[PDB]
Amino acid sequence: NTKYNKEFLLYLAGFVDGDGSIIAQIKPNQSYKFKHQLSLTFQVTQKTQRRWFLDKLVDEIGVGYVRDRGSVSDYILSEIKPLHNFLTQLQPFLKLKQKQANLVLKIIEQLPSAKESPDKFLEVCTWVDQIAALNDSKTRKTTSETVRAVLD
């Protein structure tokens, strides 16, 4: 469980607040018990000409990867354990996205317990609803209310 230097986190927290995104998602998939996946992503987006900055991030955070879409790239961190360790440390330095971050940690910690009850799975889906409410979200489709219907 990696310790990150505070100088790294202060800078990163400011950059993340600007160009980064903290994302909670409910993805319909029929292979899943509740017929949806809970997905959690930390990402930093940057123009591909600046990709080196994202590649350095991978080296610094020590986990995650960069993905290319044309003129733009993203650092992506998905795996739950590293994500928790990293967001825990970054959270206190965030200003704009700090609420989002603390909710993700909550969703993560409750994730096992949410695969039992349709009820707890919903309670956690409303937290997703919350993170989306904080983000500037124009494109969203699947919500805790989507899940609600399906479960009935």
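Residue numbers here begin at 1 and follow the sequence given.
For the C-alpha atoms alone, is the average B factor greater in 42 to 50 or in 101 to 109, going by the entry? Per the deposited B-factors, the answer is 101 to 109.
33 to 41 set against 52 to 60, stretch whose average Cα temperature factor tops the other in the entry: Averaging CA B-factors over each stretch, the winner is 33 to 41.
Going by the deposited entry, which of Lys120, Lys27, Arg69, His84 has the highest CA temperature factor? If I rank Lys120, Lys27, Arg69, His84 by C-alpha B-factor, first place goes to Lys120.
Relative C-alpha B-factor of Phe93, binned into the chain's lowest, middle or highest third: Middle third by C-alpha B-factor.
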